Amino acid sequence: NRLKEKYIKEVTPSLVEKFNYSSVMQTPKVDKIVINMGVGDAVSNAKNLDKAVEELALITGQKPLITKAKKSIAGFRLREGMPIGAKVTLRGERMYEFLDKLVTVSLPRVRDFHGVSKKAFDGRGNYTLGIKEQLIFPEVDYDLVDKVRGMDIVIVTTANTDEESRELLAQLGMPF
Amino acid sequence: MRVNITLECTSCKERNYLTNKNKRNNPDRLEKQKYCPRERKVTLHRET
Amino acid sequence: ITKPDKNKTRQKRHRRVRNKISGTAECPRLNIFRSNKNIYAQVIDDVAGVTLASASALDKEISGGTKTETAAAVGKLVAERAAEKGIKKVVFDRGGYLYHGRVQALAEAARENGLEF
Amino acid sequence: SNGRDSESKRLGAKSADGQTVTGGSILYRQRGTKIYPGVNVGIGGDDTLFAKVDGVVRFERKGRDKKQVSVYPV
Amino acid sequence: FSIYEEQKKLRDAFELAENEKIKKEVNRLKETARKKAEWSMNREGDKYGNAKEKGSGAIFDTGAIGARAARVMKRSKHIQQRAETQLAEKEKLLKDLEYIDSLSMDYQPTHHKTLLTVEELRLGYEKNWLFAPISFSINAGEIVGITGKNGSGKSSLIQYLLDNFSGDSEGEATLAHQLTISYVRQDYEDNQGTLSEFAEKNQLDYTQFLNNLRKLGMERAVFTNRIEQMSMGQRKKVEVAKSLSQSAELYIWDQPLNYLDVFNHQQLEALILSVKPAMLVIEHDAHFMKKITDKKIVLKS
Amino acid sequence: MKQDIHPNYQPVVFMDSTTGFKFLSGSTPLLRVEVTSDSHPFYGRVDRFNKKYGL
Amino acid sequence: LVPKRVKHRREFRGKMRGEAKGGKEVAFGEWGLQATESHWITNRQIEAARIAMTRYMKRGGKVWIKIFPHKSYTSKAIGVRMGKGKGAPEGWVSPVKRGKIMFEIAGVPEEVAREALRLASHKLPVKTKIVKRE
RNA sequence: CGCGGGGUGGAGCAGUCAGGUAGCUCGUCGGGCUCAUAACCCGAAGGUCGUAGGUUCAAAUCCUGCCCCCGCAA
RNA sequence: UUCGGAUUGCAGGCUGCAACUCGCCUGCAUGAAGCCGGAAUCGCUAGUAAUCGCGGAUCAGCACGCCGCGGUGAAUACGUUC
RNA sequence: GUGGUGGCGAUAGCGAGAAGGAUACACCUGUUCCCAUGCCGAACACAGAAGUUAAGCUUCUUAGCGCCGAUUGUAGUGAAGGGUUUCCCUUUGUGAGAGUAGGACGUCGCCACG
RNA sequence: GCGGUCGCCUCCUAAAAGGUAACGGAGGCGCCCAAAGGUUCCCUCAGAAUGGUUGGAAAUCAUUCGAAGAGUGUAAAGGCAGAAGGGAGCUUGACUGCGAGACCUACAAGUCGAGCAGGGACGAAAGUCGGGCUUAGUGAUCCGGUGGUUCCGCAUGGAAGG
RNA sequence: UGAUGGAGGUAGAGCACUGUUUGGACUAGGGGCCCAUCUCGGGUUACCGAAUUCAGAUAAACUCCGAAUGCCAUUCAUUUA
Ligand SMILES: Nc1ncnc2c1ncn2[C@@H]1O[C@H](COP(=O)(O)OP(=O)(O)OP(=O)(O)O)[C@@H](O)[C@H]1O
Ligand SMILES: [K+]
Ligand SMILES: [K+]
Ligand SMILES: [Mg+2]
Ligand SMILES: [Mg+2]
Ligand SMILES: [Mg+2]
Ligand SMILES: [Mg+2]
Ligand SMILES: [Mg+2]
Ligand SMILES: [Mg+2]
Ligand SMILES: [Mg+2]
Ligand SMILES: [Mg+2]
Ligand SMILES: [Mg+2]
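If you want it as structure tokens, here you go:
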């Protein structure tokens with residue numbers, strides 16, 4: 002909850018003094034953080050998909066939702082209704098804890114982390130990160146990391162804009 | 001495979017109903033709770 | 002990010018209930034509305050488009066701070082006003098909400114107090 | 020080849036506006052509800068409209084661009 | 198059963214011969230029908246002339262022309278109807294046949310020319326030692342027929358090999374280092390459930406599995422059933438198909454031949470004699486072991 | 001949060017002994048951590074030829 | 002000219018009473034060829050007239066064909082009795098009503114335009130005339 | 001445009017009915033024998049079966065089309 | 001595999017004006033193929049075969065080759081059918 | 001004035017812009033309980049009242065989008081005829097669609113509170 | 001004469017009720033579903049743009065745009081986003097006896113059906129439920145077979161047999 | 001026959017969907033030529049050109065629209081039978 006207390010005390014004055022909001026309820030606020038892991042190879046054998054479910058659980062303390070196709074694609078031998086990977090939706094104190102864990106542990110633990118892209122926005126105030134390589138904190142349990150697949154890590158906000166989101170994540174800790 | 005079926009009241013041993021079923025999708029002997037007008041109640045009707 | 006408006010979703014579900022319940026002079030609606038704070042309850046003949054009774058936690062007569070008990074109280078009072086008006090039978094328009102909480106307590110209170118849904 | 024067709028089924032209206040009619044009658048056969056039911060009117064498995072009680076048939080616009088049937092008795 | 202064999206062979210011969218007759222004759226009649234038809238059409242062409250050249254028309258008695266053409270088509274149709282009757286006779290045939298098939302085997306050898314050794318192995322329960330001590334060996338491409346009476350300790354030997362022997366042991370038995378076993382046991386009751394789950398519990402290819410089943414002779418209407426429901430022969434075929442589908446280097450067969458058909462006996466013999474893999478074998482059908490193996494070993498108390 | 005499906009998610013401490021930084025947060044009590052924001056920095070052949078042969 | 006794809010091979014011959022909906026005034030070019038009679042016009046006619054206009058123009062200016070042969074038309078082989086179905090599609094056709102503009106031209110002097118359209122008119126079956134844009 | 005019969009390694013052919021995961025013979029390539037060549041011997045290469053899709057656990061095979069070849073007609 | 005040592009990266013050493021094409025050696029690191037080899041085919045009857053190393057000629061530097069040297073040291077030869 | 005709830009073919013709407021929260025509606029703080037989230041107290045449900053109405057929600061402006069929509073005139077066409085008859089024309093009667101003029105940023109009620 | 005067709009469903013033809021022919025134009029059916037039904041509750045699609053790892057043109061994630069451009073077991077038409085589309089609970093009304101009255105109809109048949117009674121499902125209750133989204137998925141009588149029956153039983157009782 | 005009220009999507013008209021289709025602006029993408037070649041990134045024939053858009057067209061099995069007639073009905077009227 003250190004991150005939430007920061008968001009309340011340090012960020013919001015430091016944010017409003019710049020952005021000139023006539024009310025605190027214009028504040029950019031992190032509404033959720035979504036994790037996704039697409040697999041595809043699960044169509045070959047979904048035991049790796051069970052493994053991805055396992056790792057999302059180990060990472061978050063939160064069982065994931067298995068996603069499924071709304072279509073069939075002969076190019077990948079893909080059938081509608083079959084499990085393409087998994088996702089998670091963190092909200093609240095768990096979400097803040099996860100983000101703080103990222104910034105304070107597992108962004109440095111990438112082999113060559115000198116920063117991240119600044120342009121990775123949607124043009125509407127929501128950020129999209131991607132782990133190319135797993136095994137970024139100790140409780141990833143390296144003894145059983147069969148494969149590195151990666152993650153999409155969406156960070157949704159009430160931010161109107163790229164600028165609001167960027168400054169928010171700056172004060173929160175994201176090393177752009 | 002898809003077959004037309006006479007159900008039957010397990011008590012009266014009276015057929016009382018005609019219906020349809022797969023054998024693949026419904027291999028176990030089908031059952032329902034259906035009205036037996038000879039008893040004028042509801043009863044377990046089992047396929048035969 | 003945007004969020005749906007609870008009241009607009011309520012109105013969608015409400016119309017979906019309206020297409021199979023409607024009030025009459027012989028069996029009116031008991032129309033619920035529910036806020037974050039308070040709860041309102043009208044009694045309506047849809048034929049004339051005219052009410053017959055009302056109740057609310059915003060009426061100075063209730064007891065209880067718990068919203069569920071306020072709901073029960075307005076159930077008592079709207080049942081009283083309906084029996085005074087001269088009707089006992091009614092249709093229960095749940096407004097687009099669930100018959101689980103404040104709404105359930107209100108309706109159960111009115112049923113006890115005499116009405117026949 | 021192309022030489023075949025089915026029995027034409029005798030859809031469309033069967034009772035007219037301003038017409039008194041018995042209960043259980045038929046007003047409008049149809050495939051799909053090209054006209055909706057209304058007052059004192061039902062609808063069958065084949066979307067056919069039937070008057071539940073006696074009265075005069077009345078067809079009405081259900082707002083902008085959908086139609087209705089109603090039976091107001093006397 | 199010998200009489201049954203003879204008479205069923207006669208029936209099958211008759212069936213096949215009559216089918217071939219019918220096929221030959223129907224093809225003949227179809228050819229002739231087509232040719233008579235083309236002849237009729239060429240005659241119908243005589244009703245009309247040619248616009249390129251003058252005078253070719255003005256044709257008279259086109260009715261007779263068409264009549265004769267119709268008679269030729271009626272010949273064609275009589276011949277077609279004969280062909281159809283012969284096809285009707287055909288359809289009654291080939292009903293009591295088997296349509297035998299071969300088998301396959303995922304033998305996967307390695308450098309280990311010595312796959313199993315046994316030395317002075319005396320084995321039993323509570324020191325009631327169950328057979329006199331033996332020493333022997335299983336090399337590559339070599340089959341070994343372990344035999345004896347009932348309760349002689351053959352399955353007990355297999356249990357000592359695979360370490361699940363709850364009795365008393367004295368003597369040595371050594372596999373290779375990283376040796377893979379395929380295994381057909383005398384006690385296959387433990388198998389349960391659907392086949393799409395059996396083949397998941399046992400890491401197999403579902404396609405090769407059902408393939409080897411149908412080659413053993415299980416109709417594909419049976420794959421939807423459960424192993425609890427199947428006949429004992431079909432459960433046995435499931436076990437054998439597991440074995441044949443498992444990529445392995447040594448094969449250990451504890452009575453595969455019990456609950457099977459003569460066709461299956463023949464399939465297994467032909468296959469094992471064709472491939473000649475490294476195998477341990479236990480049988481009481483002495484003729485089968487004669488057809489295959491010379492390295493025969495009779496354990497006894 | 002439903003029961004019997006989620007992992008045990010307990011408050012634990014993360015410690016960077018490189019700087020002694022001590023942080024609390026929930027995971028699956045004290046744990047070992049090598050590097051972090053408070054200890055990470057971002058928060069040749071000519072030379073080699075010259076070393077090998079002085080110039 | 003041919004349509005590359007069609008939903009129904011065979012069509013009705015149709016009717017041709019009345020003037021044309023559109024194509025009734027010259028739009029893209031400066032001059033155009035107005036039909037005074039309604040008639041069917043075919044691929045071969047269109048292409049012949051187009052080639053005539055282009056050659057007399059010496060690949061000058063630009064031509065615009067407003068019509069298109071959307072419709073097909075069948076025939077029976079000489080020697081075939083009526084019935085036994087409907088004939089096979091011979092070619093493709095455009096029903097061109099009166100008032101319609103078929104060809105427009107620009108980028109070329111007026112006398113050259115008139116003469117090219119005169120040639121195309123002699124190539125077409127329709128009784129035609131000249132039209133000019135304001 | 002239609003009716004029959006064909007499209008399986010370089011050639012010829014089965015397997016198609018009855019789905020069970022591509023084969024027979026010759027030929028080609030390489031190495032042996034030979035003074036050398038042929039024969040002979042030991043090895044290999046060469047095709048998801050004309051093609052785009054469906055059905056199936058699985059298609060050369062069953063179904064739907066599309067593109068070529070040989071007869072007739074045309 | 002502590003087999004096998006190839007190949008490859010890095011550091012060095014010598015020769016010699018010069019070691020990239022294109023040298024030899026060493027150290028460190030990697031650690032491939034290969035678990036005795038199809039058809040067929042080669043040498044050898046005694047200090048032979050087999051194996052072990054040593055030197056020399058060419059040579060500024062460089063040979064698993066060539067020439068020579070010695071250490072240890074077998075089995076078999078019925079017999080001419082082929 | 002706000003909120004609730006109904007009817008009238010959105011002439012009611014969609015977009016943009018301005019202001020407001022007195023009560024109210026809302027967001028909002030949480031998971032203590034009823035109850036719930038193929039994961040999440042986001043949604044559902046429950047309890048509360050620190051804060052802001054920023055948003056939603058109200059009221060006003062806007063004719064940009066969409067909606068409605070004449071009159072005239074035409075095409076078409078019933079009946080009666082004519083011609084040079086796969087078509088064209090005439091008399092009478094009706095009469096579109098398109099394209100507009102213009103309207104239109106709501107009308108009618110009921111109830112609770114202020 | 002060959003080819004093709006013969007029964008049924010959908011569209012056009014078919015001329016704004018219905019009906020309407022051709023060896024006129026195009027297509028389908030001779031089934032499926034035990035949930036693809038019923039009820040209660042909840043939800044709304046397709047595609048595009050943007051960004052993001054393997055991951056591409058395109059899987060999956062997130063926001064916005066998004067009025068239907070999707071889906072509706074299966075042909076086409078009609079219709080459906082107050083859902084008939086989609087998902088989750090509880091079930092089996094895919095009940096029994098019926099049925100005023102209408103549509104179509106040469107006859108035989110076909111279609112819809114409020115409502116009554118019995119006994120139930122779901123739902124708090126209203127109330128919905130006599131299969132599916134609507135229209136094809138089918139065929140007489142004779143003759144035999146199976147089960148039940150409070151029916152008959154060649155003078156009587158049975159039996160045979162109806 | 002008149003009046004009134006209805007169902008109905010035809011002739012016509014239109015492109016608002018489904019198909020066909022012309023010209024132009026732009027262009028993903030597809031062609032070569034050359035430089036650079038690990039075949040990697042371009043630059044052009046006003047090269048062929050999805051898709052969008054402007055303007056123009058088109059339809060029996062397209063309709064945002066939509067008649068005249070004809071049809072059904074009125075304890076409505078008139079005249080006849
Ligand atoms: N748990 C046990 N305790 C005691 N005796 C046992 C046990 N298991 C098996 N035996 C005995 O061991 C003997 C052989 O047993 P085993 O299972 O090896 O027979 P086998 O060789 O497979 O015989 P068969 O030809 O009948 O299949 C028999 O006498 C049997 O009764
Ligand atoms: K002319
Ligand atoms: K030397
Ligand atoms: Mg039905
Ligand atoms: Mg045994
Ligand atoms: Mg050779
Ligand atoms: Mg000698
Ligand atoms: Mg108008
Ligand atoms: Mg009609
Ligand atoms: Mg008697
Ligand atoms: Mg008698
Ligand atoms: Mg028209």
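Chains as they are written, first to last, in the deposited numbering: chain J, 2 to 177; chain 5, 1 to 48; chain R, 2 to 118; chain Y, 20 to 93; chain 0, 198 to 498; chain 3, 1 to 28, 44 to 58, 69 to 80; chain P, 2 to 135. Beta carbons are placed, not taken as given, at the ideal position from N, Cα and C, and that holds for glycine.
- Bounds of the alpha helix (DSSP H) holding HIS275 (chain 0) are 259 to 288.
- For the pair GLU31 (chain 5) and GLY64 (chain Y), the Cα-to-Cα distance works out to about 27 Å.
- Pairing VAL13 (chain 3) with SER27 (chain 3), the inter-Cα distance amounts to about 9 Å.
- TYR57 (chain P) sits in a helix when the DSSP states are folded into three classes.
- Within chain R, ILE2 and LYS4 have C-beta atoms less than 9 Å from the C-beta of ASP32 (chain J), given in sequence order.
- Distance between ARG112 (chain J) and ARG16 (chain R), taken at the CA atoms: about 58 Å.
- Placement of the Cβ of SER353 (chain 0) at a distance of less than 6 Å from at least one heavy atom of ligand 1 is found.
- When the beta-carbon positions are compared, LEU91 (chain J) and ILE34 (chain J) come within less than 7 Å of each other.
- The C-alpha of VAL42 (chain 5) is placed about 17 Å away from the C-alpha of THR19 (chain 5).
- At least 7 Å separates the beta-carbon of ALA53 (chain J) from that of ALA75 (chain J).
- The beta carbon of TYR322 (chain 0) sits closer than 6 Å to at least one heavy atom of ligand 1.
- Residues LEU136 of the same chain have their beta carbon placed closer than 8 Å to that of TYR143 (chain J), with the five preceding and five following residues left out of the count.
- Counting along the chain, the unbroken beta strand (DSSP E) around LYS86 (chain Y) starts and ends at 86 to 91.
- Between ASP101 (chain J) and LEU4 (chain J), the beta carbon gap of about 5 Å places them in contact (Cβ cut-off 8 Å).
- Look at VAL40 (chain J): its C-beta is not under 7 Å from any C-beta on chain R.
- In chain R, no part has a C-beta under 9 Å from the C-beta of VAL155 (chain J); the shortest such distance is about 11 Å.
- Residue burial is scored here from C-beta neighbours: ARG45 (chain P) has fewer than 16 other C-beta atoms within 10 angstroms and is therefore classed as exposed.
- Scanning its chain for C-beta atoms nearer than 8 Å, with the 5 sequence neighbours on each side dropped, one finds around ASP32 (chain J) the residues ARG92, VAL157, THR158 and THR159, in chain order.
- Taken through DSSP and simplified to helix, strand or coil, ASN325 (chain 0) comes out as strand.
- By alpha-carbon distance to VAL155 (chain J), the top candidate from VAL141 (chain J), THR162 (chain J) and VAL89 (chain J) is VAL89 (chain J).
- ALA114 (chain P) has its alpha-carbon roughly 14 Å from the corresponding atom of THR129 (chain P).
- Positions of the alpha helix (DSSP H) runs, each at least 4 residues long and wholly inside the region 64 to 132 of chain J, are given as 94 to 102 in order along the chain.
- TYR78 (chain 3) has a beta carbon lying at 7 Å or more from every beta carbon in chain J.
- By the Cβ-count criterion, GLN3 (chain 3) is exposed, with fewer than 16 other Cβ atoms from all chains shown falling within 10 Å of its own Cβ.
- Rounded to the nearest angstrom, the gap between the Cα atoms of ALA475 (chain 0) and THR68 (chain J) is 48 Å.
- For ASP303 (chain 0), the closest alpha carbon among the candidates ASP402 (chain 0), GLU466 (chain 0), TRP326 (chain 0) and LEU358 (chain 0) is that of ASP402 (chain 0).
- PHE257 (chain 0) and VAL223 (chain 0) have their C-alpha atoms spaced approximately 39 Å apart.
- For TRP236 (chain 0), no pairing in a beta bridge is given by DSSP.
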